[PDB]
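What follows is a short report on a single structure.
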Amino acid sequence: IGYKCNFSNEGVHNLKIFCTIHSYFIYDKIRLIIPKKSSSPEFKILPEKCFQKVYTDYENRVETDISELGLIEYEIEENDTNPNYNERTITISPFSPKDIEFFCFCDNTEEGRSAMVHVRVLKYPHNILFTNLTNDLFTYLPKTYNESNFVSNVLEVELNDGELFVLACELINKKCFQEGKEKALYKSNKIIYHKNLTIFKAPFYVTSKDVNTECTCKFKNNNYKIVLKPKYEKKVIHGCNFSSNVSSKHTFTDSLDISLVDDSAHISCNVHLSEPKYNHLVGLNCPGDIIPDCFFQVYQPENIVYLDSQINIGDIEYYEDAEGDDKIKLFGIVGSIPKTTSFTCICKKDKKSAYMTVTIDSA
Amino acid sequence: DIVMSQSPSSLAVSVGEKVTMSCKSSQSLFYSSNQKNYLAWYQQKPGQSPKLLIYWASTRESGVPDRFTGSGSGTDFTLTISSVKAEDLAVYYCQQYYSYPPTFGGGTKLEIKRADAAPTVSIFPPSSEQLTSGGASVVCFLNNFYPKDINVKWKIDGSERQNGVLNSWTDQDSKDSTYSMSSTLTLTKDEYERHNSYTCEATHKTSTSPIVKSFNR
Amino acid sequence: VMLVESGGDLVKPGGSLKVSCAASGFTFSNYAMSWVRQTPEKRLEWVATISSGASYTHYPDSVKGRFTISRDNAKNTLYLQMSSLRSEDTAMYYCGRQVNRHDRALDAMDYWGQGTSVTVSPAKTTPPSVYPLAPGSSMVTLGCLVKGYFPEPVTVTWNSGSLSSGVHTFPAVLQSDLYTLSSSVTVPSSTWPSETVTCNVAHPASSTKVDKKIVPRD
Ligand SMILES: *[C@@H]1O[C@H](CO)[C@@H](O[C@@H]2O[C@H](CO)[C@@H](O[C@@H]3O[C@H](CO[C@H]4O[C@H](CO)[C@@H](O)[C@H](O)[C@@H]4O)[C@@H](O)[C@H](O)[C@@H]3O)[C@H](O)[C@H]2NC(C)=O)[C@H](O)[C@H]1NC(C)=O
Ligand SMILES: *[C@@H]1O[C@H](CO)[C@@H](O[C@@H]2O[C@H](CO)[C@@H](O)[C@H](O)[C@H]2NC(C)=O)[C@H](O)[C@H]1NC(C)=O
Ligand SMILES: *[C@@H]1O[C@H](CO)[C@@H](O)[C@H](O)[C@H]1NC(C)=O
Ligand SMILES: *[C@@H]1O[C@H](CO)[C@@H](O)[C@H](O)[C@H]1NC(C)=O
C-alpha cells in the first residue's frame with residue numbers, strides 16, 4: 002500500500018534497525034523521517050541531498066546523481082514544513098526497464114541507533130499495455146495500440162492475471178474505470194491518475210466471467226470507448242469453509258460447519274503448504290465475528306503483527322467479499338519466501354471458537 | 261449492413277490473358293491514419309475450402325504466386341491476374357472487414373477458353389432389377405461437350421414429354437475443361453409397356469441437325 | 002496447420018445440434034476463431050466469431066440468441082450450439098481462423114477448415130436403391146443409378162476406388178422428398194465385358210452393403 006521507514010521513536014523503528022526494500026512498486030510515495038532543528042548533534046544525512054545524489058555500493062560509496070542512473074519519470078520533493086518532523090519523498094515509475102539499486106546512510110553521536118538504507122527497484126514482473134490516443138510522442142518504445150486498433154470506435158481487451166493497462170488521455174472523462182456496465186463490475190486493485198495517464202492493475206482473483214468496466218475518452222471530436230474484461234480462471238481457496246450454505250461462488254479446501262459441532266471442543270483447522278515457488282489463494286469463510294483483522298493483521302503463532310512483515314514479500318494482494326452474513330476474507334501470494342513462517346486467524350460465533358493455522362515453507 | 265456488389269458473374273477468358281474483376285462497396289473502406297484499405301479477396305477451388313490471397317486490398321500473403329495483383333482504393337476495387345494456369349478455375353469472393361458484420365460478395369466463376377467439342381450422347385434402358393419392384397427410369401447421358409449450353413427433349417412414340425425429367429450438370433472439369441449433363445425420365449412400371457419408341461434428342465452448336473438417339477423395347 | 006470439423010447431421014425444423022472444430026499446428030490461445038456458412042447458392046455469410054480469451058463474442062443480428070459460440074483452450078476445440086433451427090439455416094459450415102498480424106479485433110481469415118454439412122429437412126432418413134445401367138442391343142460407357150435416398154451425401158467409386166478413367170459423378174437432385182443421382186465412366190471396348198465393373202456406394206448414418214456390378218444382358 003505504502004512504504005514508510007521511521008527514523009523517530011514514535012513508530013516501530015526508533016532512532017535516538019535497518020530499512021531494506023526489495024520490491025517493484027509503482028507510482029508511490031516514500032516518506033523519510035529526519036529531525037534537524039530539534040537536535041542534530043553531528044546527526045547528518047549521507048550525502049546531504051540523498052534523493053538528488055546517492056551512492057551505488059556500500060563497499061565503495063561514490064557520488065552519483067539521480068539523473069545518471071537510468072530511472073524514468075521520477076519526482077523528488079524535499080519538504081521541511083511539518084513542525085514535528087522533516088520529510089523526504091520520491092516517486093517510482095514502473096517504466097524502469099532494468100534492476101537498479103542504491104544505498105544511503107545516517108550517522109549519530111551518543112551508539113544512537115545507526116540505521117542503513119538499501120533499496121532496489123525491479124522491472125515489473127508482468128507486462129503493460131499502452132494506448133496513447135492523445136497526440137504525444139514517447140521514446141519508451143512500448144506496446145502502443147493507437148487510433149487504428151479500434152473497431153468502429155470500440156476496443157475490447159482481455160487482461161491476463163496481473164497485467165497493467167496504460168491509457169494516455171489528457172481529456173477529463175468522469176467515472177473512468179469505476180462504473181461497470183454489466184450486472185457485476187471488474188473490481189480493480191489499483192486505479193491511479195497522473196498527468197491524466199490512466200493505470201489499471203488486474204487482480205488475480207475474480208468471481209464471474211462476465212465482469213467489465215469502461216472509460217469513454219474523447220479525441221479529435223470522437224468518442225472512443227475502452228472495455229476491460231478478465232481472462233477467467235477458477236481457483237480453489239486454501240482455508241476452511243465454516244458457513245453451512247453450500248450454494249456459493251467460492252471453493253474451499255477444508256470444510257466444516259461450525260454451527261453443528263458441540264460446545265465442549267474448540268477444534269482447529271490446520272493448513273500447510275510446501276512448494277518451491279508459490280501462486281495460491283488463502284483465506285476463510287466465517288459466518289461469525291472474525292478477530293483479529295485478517296489478513297492484514299494476522300495473529301502471531303506460538304501478539305498482533307502485520308502480514309507483509311512476516312512473509313517479507315511485497316506481492317501480497319488482499320481481497321474481501323460477503324454473501325449475506327457470510328464473511329469471506331482472503332489474500333493471494335506470489336514468489337518464494339525467505340524463511341518458513343506461520344500465523345493464525347480466529348473465527349467466533351456465539352459460544353463457538355475455531356482457529357485456522359497456516360504454515361508456509363521456504364523450501 | 262455493408263453491401264458488396266461483385267460483377268461480373270461469369271467470365272470466359274483465354275489461357276494466359278489479363279483478367280480484371282471488380283468489387284463494389286456500399287461505403288468507404290479506408291482509415292486515413294493507417295492509410296490502408298480494409299478488404300480481402302479469397303479463392304475457393306472446385307470442391308475445396310476458400311483460401312486467403314490478398315489482404316489490405318493490395319498486399320499478398322506468404323504462399324501466393326506473383327501472378328496475382330490486387331488493386332483499388334476507397335470503394336472501387338479491382339483484381340487482376342496475368343498468366344492464367346489451368347486449375348485456376350475457382351470462384352473468387354471479396355470480403356470486407358471495416359465494420360461488423362463482415363459481408364461477402366457473390367463470387368465470380370472462372371470459365372476457361374476451350375475448342376468447342378461435340379457431345380457424347382448415350383441412352384440406357386431400365387435394368388431388370390428396377391422393373392421387379394414397380395419402377396422404370398430411362399437415363400440419357402451426355403458426358404462431354406463445350407460450351408455448357410444444351411437442350412435435351414424426350415420423344416415417346418412421337419409425343420414430346422417433360423414431366424418426369426430430372427437434370428444434372430457437372431462444373432468445368434479440371435481434367436479437360438468439358439461439361440457433362442445427365443437426363444432422367446421417371447415413370448411407373450405399367451406406363452413403360454404402353455409405349456415402345458423412346459428418343460433423346462440433343463441440340464448443339466456443333467451440328468445444325470439435331471443429335472438424336474433412340475431405343476425400342 | 003489443420004482444422005477438423007465434426008457434427009454434421011440432419012435435424013427436424015426447430016431441433017438443436019452441437020458441432021466441434023479441432024485445431025493443430027499452432028497455439029490455440031493466441032488466435033481468434035470464427036465460423037462461416039455457405040447456402041446452397043454458394044453464397045458465403047459470416048455466422049459467429051469469438052476472441053482468444055472467450056470473453057468478447059459477436060453474432061449477426063439474424064441469428065442472435067439461438068446460436069452460441071464457445072471454445073475450450075485446454076482441448077484446442079471450438080464449439081457452436083445451434084438452437085431452434087429453420088429451413089434457412091441449412092448450409093455448409095467452416096471454422097476459419099482470424100489473422101492477428103494487425104492487433105485489430107476484426108480481420109480476415111488466413112486458414113479455413115474443410116466443412117461439415119447440416120440438414121434441416123423433416124424428411125425421413127431413407128437408404129438408397131442402386132440400379133445398374135447397361136446398354137441393350139467404338140468404346141464402352143457404363144453407368145450407375147442411385148435413387149430414393151435421403152439425405153445427402155452419397156459416395157460413388159468404381160472397382161474399390163481404382164478407376165479414374167473418365168468418371169463423372171453427376172450432382173444430386175430432389176424429387177418430391179427423395180434424392181436421385183447417377184454416375185458414368187468411359188472404358189475401352191476391349192475391357193467390357195471381360196473385366197470387373199463394380200459400382201461401390203456408401204451413405205452416412207446408414208448401412209450400405211452394395212457393390213453391384215453391371216450385367217450385359219440382352
Ligand atoms: C497508428 O499506428 C499505425 C501503425 O501501423 C500508423 O500507420 C502508419 O501510418 C503511416 C502514415 O499514415 C503510413 O505511412 C504512409 O504510407 C503511405 C504509403 O506508402 C507506403 O507506405 C509504407 C512505407 O513503408 C508501405 O508499407 C506501404 O505499402 C506503401 O507502399 C505513404 O504514401 C505516406 O507518405 C506514409 O509514408 C504507414 O504505412 C502506416 N502503417 C505502418 C505499418 O507504419 C498510423 O499512422 C498511426 N496513427 C496515428 C494517428 O498515430
Ligand atoms: C503513440 O505511440 C506511437 C507508437 O508508434 C508513437 O508514434 C510515433 O509516431 C511518429 C510519427 O512520425 C513516428 O516517427 C514514431 O516512430 C512513432 N513511434 C514509434 C515507437 O514507432 C508515439 O509515441 C505516440 N503518439 C502517436 C500520435 O502515435
Ligand atoms: C486527472 O483527472 C482527474 C479526473 O477525476 C482529476 O481528479 C485530476 O486532478 C487530474 N489530474 C491529475 C494530475 O491526475
Ligand atoms: C462450505 O462448507 C460446508 C461445511 O459444512 C460445506 O458443506 C459446503 O459444501 C462448503 N461450500 C462450498 C461451496 O464448498
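Protein chains in written order, with our numbering: chain H, 2 to 364; chain A, 261 to 477; chain C, 2 to 219.
C-beta: ideal position from N, C-alpha, C; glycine also.
### Task
Could you spell out the range, first to last residue, of the beta strand (DSSP E) harbouring A/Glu461?
Taking the first residue of the second sequence as 1, we reach residue 461 of chain A at position 201. 457-463 is the extent of the beta strand (DSSP E) around A/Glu461.
### Task
For ligand 1, list every residue whose C-beta falls under 6 Å from any of its heavy atoms, going in chain order.
For ligand 1, residues qualifying as neighbours are H/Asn147, H/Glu148, H/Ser149, A/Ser293, A/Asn294, A/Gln295, where qualification means a beta carbon closer than 6 Å to at least one of its heavy atoms (chain order).
### Message
Give me, in chain order, the residues of the same chain whose beta-carbon lies closer than 6 Å to that of C/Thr50; leave out the 5 immediate sequence neighbours on both sides.
### Response
If you number the third sequence from 1, residue 50 of chain C lands on position 49. Only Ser35, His59 meet the Cβ criterion.
### Query
How is H/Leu123 classed by DSSP in three states: helix, strand or coil?
In the first sequence, the residue the question calls residue 123 of chain H occupies position 122. Coil.
### Task
Taking 8 Å as the threshold, find out whether the segment 414-431 of chain A comes into contact with the segment 448-462 of chain A through three or more Cβ pairs.
With a cut-off of 8 Å, the segment 448-462 of chain A and the segment 414-431 of chain A count as touching, because enough Cβ pairs lie within range.
### Query
For H/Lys353, which residues from the same chain have a beta carbon less than 6 Å from its beta carbon, with the 5 sequence-adjacent residues on both sides left out?
Here the question's residue 353 of chain H lines up with position 352 in the first sequence. For H/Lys353, same chain residues with a beta-carbon under 6 Å away, outside a window of 5 residues either side, are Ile259 in chain order.
### Query
DSSP beta-bridge partners for C/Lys19?
The residue you call residue 19 of chain C lines up with position 18 of the third sequence. Per DSSP, C/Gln82.
#### Entry: Residue environment, H/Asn246, which counts as buried when at least 16 other CB atoms sit within 10 Å
Against the first sequence, residue 246 of chain H aligns to sequence position 245. Counting other Cβ atoms within 10 Å of its Cβ, H/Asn246 stays below 16 and is therefore classed as exposed.
#### Entry: Residues of its chain near C/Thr69, where Cβ-Cβ distance is below 6 Å and the 5 sequence neighbours each way are ignored
For the purposes of this step, residue 69 of chain C is identified with residue 68 of the third sequence, where counting begins at 1. Once the five neighbours on either side are set aside, the close Cβ partners of C/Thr69 are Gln82.
### Query
Which residues, taken in chain order from the segment 134-151 of chain H, show a beta carbon closer than 8 Å to some beta carbon of chain A?
Residues of the segment 134-151 of chain H with a C-beta atom less than 8 Å from some C-beta of chain A are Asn147, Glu148, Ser149, listed in chain order.
### Query
What residues match up with A/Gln304 in a beta bridge as DSSP calls it?
As a working mapping, residue 304 of chain A is identified with position 44 in the second sequence. A/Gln304 pairs with A/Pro310, A/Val351.
### Task
Kindly list the residues whose CB is nearer than 6 Å to the CB of C/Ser139, restricted to its own chain and excluding five residues on each side of it in sequence; keep chain order.
As a working note, residue 139 of chain C is residue 138 in the third sequence. Around C/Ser139: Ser190.
### Query
Going by the beta-carbon positions, is the gap between H/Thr110 and H/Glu43 smaller than 9 Å?
Translated into positions along the first sequence, residue 110 of chain H becomes position 109. Translated into positions along the first sequence, residue 43 of chain H becomes position 42. Taking 9 Å as the Cβ cut-off, H/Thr110 and H/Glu43 qualify as a contacting pair.
### Task
Pull up the DSSP beta-bridge partners for C/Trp159, would you.
Here residue 159 of chain C refers to the residue found at position 158 of the third sequence. According to DSSP, C/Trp159 bridges with C/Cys200.
### Message
Does H/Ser354 come out as helix, strand or coil in the three-state DSSP assignment?
### Response
Here residue 354 of chain H corresponds to residue number 353 of the first sequence, with the count starting at 1. For H/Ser354, the secondary structure class from DSSP, reduced to helix, strand or coil, is strand.
### Query
Cβ of residue 481 of chain A less than 9 Å from any chain C Cβ?
Since the first and last residues shown for chain A are 261 and 477, residue 481 of chain A lies out of range.
### Message
Which same chain residues end up closer than 7 Å to H/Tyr319 when comparing Cβ atoms and leaving out the 5 residues on each side of it in sequence?
### Response
Position 318 of the first sequence holds residue 319 of chain H. Spatial neighbours of H/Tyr319 in its own chain (CB-CB distance under 7 Å, excluding positions within 5 residues in sequence) are listed in chain order as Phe296, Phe297, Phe332.
### Task
Go ahead and label H/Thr140 buried or exposed: buried means 16 or more other beta carbons lie within 10 angstroms of its beta carbon, across all protein chains shown.
Along the first sequence, one-based indexing puts residue 140 of chain H at 139. H/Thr140 should be labelled exposed.
### Message
Against H/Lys182, what residues of chain C qualify as contacts under a CB-to-CB distance less than 9 Å, listed in chain order?
### Response
Here residue 182 of chain H refers to the residue found at position 181 of the first sequence. Residues of chain C passing the Cβ test: none, with the nearest at roughly 13 Å.
### Task
Measure the alpha-carbon distance for H/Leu123 versus C/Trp113 and round it to whole angstroms.
Position 122 of the first sequence, counting from 1, holds the residue named residue 123 of chain H. Position 112 of the third sequence, counting from 1, holds the residue named residue 113 of chain C. Rounded to the nearest angstrom, the gap between the Cα atoms of H/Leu123 and C/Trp113 is 44 Å.
### Message
Between which residues of its own chain and H/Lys144 is the CB-CB distance below 7 Å, once the five residues before and five after are set aside?
### Response
One-based indexing of the first sequence puts residue 144 of chain H at position 143. For H/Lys144, where only same-chain residues beyond five positions count, the Cβ hits under 7 Å are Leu130, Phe131.
### Query
Taking Cβ-Cβ distances shorter than 8 Å, what residues in chain H pair up with C/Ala173?
Position 172 of the third sequence, counted from the first residue, corresponds to residue 173 of chain C. When 8 Å is used as the limit between beta carbons, C/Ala173 is near no residue of chain H, the shortest such separation being about 41 Å.
### Task
Indicate, with yes or no, if ligand 3 has a heavy atom lying under 8 Å from the CB of H/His119.
Stepping through the first sequence from its first residue, residue 119 of chain H is reached at position 118. Result no, Cβ not under 8 Å from ligand 3.
### Residues with C-beta closer than 7 Å to any heavy atom of ligand 4, in chain order
Taken from the N-terminal end onward, the list reads H/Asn242, H/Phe243, H/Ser244, H/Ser245, H/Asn246, H/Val247, H/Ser249, H/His251, H/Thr252, H/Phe253, H/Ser256, H/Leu257, H/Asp258, H/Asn286.
### Message
What would DSSP say about C/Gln39, mapped onto helix, strand or coil?
### Response
Here residue 39 of chain C refers to the residue found at position 38 of the third sequence. Three-state result, C/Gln39: strand.
### Task
Please confirm if C/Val216 has its CB atom under 9 Å from at least one CB of chain A.
Within the third sequence, numbered from 1, the residue matching residue 216 of chain C stands at position 215. C/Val216 counts as touching chain A.
### Task
Compile a chain-ordered list of the residues in the segment 101-118 of chain C whose CB is closer than 7 Å to at least one CB of chain H.
Cβ contacts with chain H: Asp104, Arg105, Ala106, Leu107.
### Message
Check for me: the alpha helix (DSSP H) holding A/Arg454 runs from which residue to which?
### Response
In the second sequence, counting from the first residue as 1, residue 454 of chain A sits at position 194. Per DSSP, A/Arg454 is one residue of the alpha helix (DSSP H) stretching across 449-454.
#### Entry: CB of C/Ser118 within 9 Å of CB of C/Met93, strictly
In the third sequence, counting from the first residue as 1, residue 118 of chain C sits at position 117. In the third sequence, counting from the first residue as 1, residue 93 of chain C sits at position 92. In this structure, C/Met93 lies closer than 9 Å to C/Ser118 by Cβ.
### Task
Give, in chain order, every residue of the segment 158-175 of chain H whose Cβ lies closer than 7 Å to some Cβ of chain C.
So the list reads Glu159, given in the order they occur along the chain.
#### Entry: For C/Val20 and A/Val472, the rounded distance between their alpha carbons
For this step, residue 472 of chain A is matched to residue 212 along the second sequence. For this step, residue 20 of chain C is matched to residue 19 along the third sequence. Going from the Cα of A/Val472 to the Cα of C/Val20 covers about 50 Å.
### Query
Taking a cut of 7 Å between CB atoms, which residues from the segment 290-303 of chain A lie near chain C?
So the list reads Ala300, given in the order they occur along the chain.
### Query
Listed in chain order, which residues are found with a beta carbon closer than 6 Å to a heavy atom of ligand 3?
After applying the 6 Å Cβ criterion, the set is H/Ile173, H/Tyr194, H/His195, H/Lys196, H/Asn197.
### Query
A/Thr368 CB to nearest chain C CB: under 9 Å?
Taking the first residue of the second sequence as position 1, residue 368 of chain A is located at position 108. With 9 Å as the cut-off, A/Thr368 does not count as an interface residue toward chain C.
### Message
Tell me whether H/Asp137, by its Cβ, gets closer than 8 Å to a heavy atom of ligand 2.
### Response
For the purposes of this step, residue 137 of chain H is taken as residue 136 along the first sequence, with counting starting at 1. At least one heavy atom of ligand 2 is nearer than 8 Å to the Cβ of H/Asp137, so yes.
### Query
At which residues does the beta strand (DSSP E) containing A/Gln266 begin and terminate?
Residue mapping note: residue 266 of chain A aligns to position 6 of the second sequence, counting from 1. Run containing A/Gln266: 264-267, per the beta strand (DSSP E) assignment.
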